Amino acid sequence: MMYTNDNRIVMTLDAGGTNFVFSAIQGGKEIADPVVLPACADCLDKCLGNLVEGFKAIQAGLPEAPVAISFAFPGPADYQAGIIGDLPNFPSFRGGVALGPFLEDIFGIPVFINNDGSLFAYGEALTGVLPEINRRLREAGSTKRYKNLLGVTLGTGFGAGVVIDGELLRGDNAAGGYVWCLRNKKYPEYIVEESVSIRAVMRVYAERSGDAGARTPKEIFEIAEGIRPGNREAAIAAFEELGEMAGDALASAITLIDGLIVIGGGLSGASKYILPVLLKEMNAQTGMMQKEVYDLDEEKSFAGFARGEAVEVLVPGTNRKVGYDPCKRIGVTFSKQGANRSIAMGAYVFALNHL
């Protein structure tokens, strides 16, 4: 319930794909009748002009005046500078478009642009799971608190973002926290996204079964779940196989970050089949070593996560005691809020913290 009673309004935008959807956020709520305009990608001045119209449209129907505007944008881009690079799906963008400063001029207030993965992790760090986990620890009587979060979206791609005690890990090339291009475990010549995405689910089921028909991951989930007819053993492998690679990637990524992992996105509907194999892999890899990964979504598992091996040690010579837990542990949890909510909140809160 963070920021639930805040009066400050941030205008936002969803450039997910095909067109622009402009909105506004006050408190945690969406308080603007959305405005849909097309993104005339072929004419820089045309869509750049729609953006102005889109935001002007919203602004005109607000109670108070807006304090800023932030949104996620396709990229690659120099996000901090707010200037976007050569996007494939936007031909009028080759060269470098100073989108951030442009809007900042036409509206005066500051604008913040970031990529999906970043806003998702940020959202979960300050609004989603990270706070829930930390209180649930204190509530469980543990002295341990986690400040580092690696959020990853399983969907069209294998996006991700990294937050270090509130500070979004941007990277020196605006490319911090990438996990999609790590080396693939079962396909050394390719990247992990090739086995961790909607493609991989669809592709594997097609291979494991003899069905060459177009199936959606939901349909595949239904086949594995026993509702829809098909090759159940194959429908499962489709998700297990993804878990295995995701796990391998997450394992080596989290080794550097050393924090909790949040997973979300479209494919998160198949927690049931992904998480087990994923966790099995993470614990096989950090087992070579002194580090356990717990299923933060099951009670029994979270219980051992909370307490670990906590004790008190006496300060030699003194009568004082100090807290200590030699048990190094990590965890994985799926977003309860949903990637869409966390991303929007991420944009909202990021705005408010960086005014």
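Don't overthink the numbering: it's just position in the shown sequence, from 1.
Per the record, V322 and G323 follow each other directly, and no deposited residue is missing between them. As the entry records it, the average C-alpha temperature factor is higher for 220-228, out of 170-178 and 220-228.
The PDB entry records a higher mean C-alpha B factor for 42-50 than for its counterpart among 297-305 and 42-50. You'll see in the entry that, of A249, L267, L87, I257, the Cα B factor peaks at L87. Per the deposited record, the Cα B-factor of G96 falls in the middle third when ranked against the other modelled residues of its chain.
Sort the modelled residues of the chain by CA B factor and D165 lands in the lowest third. The deposited CA B-factor of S142 belongs to the middle third of values across its chain. Sorting the modelled residues of the chain by their CA temperature factor places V349 in the lowest third.
When all modelled residues of the chain are sorted by CA temperature factor, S195 is found within the middle third.
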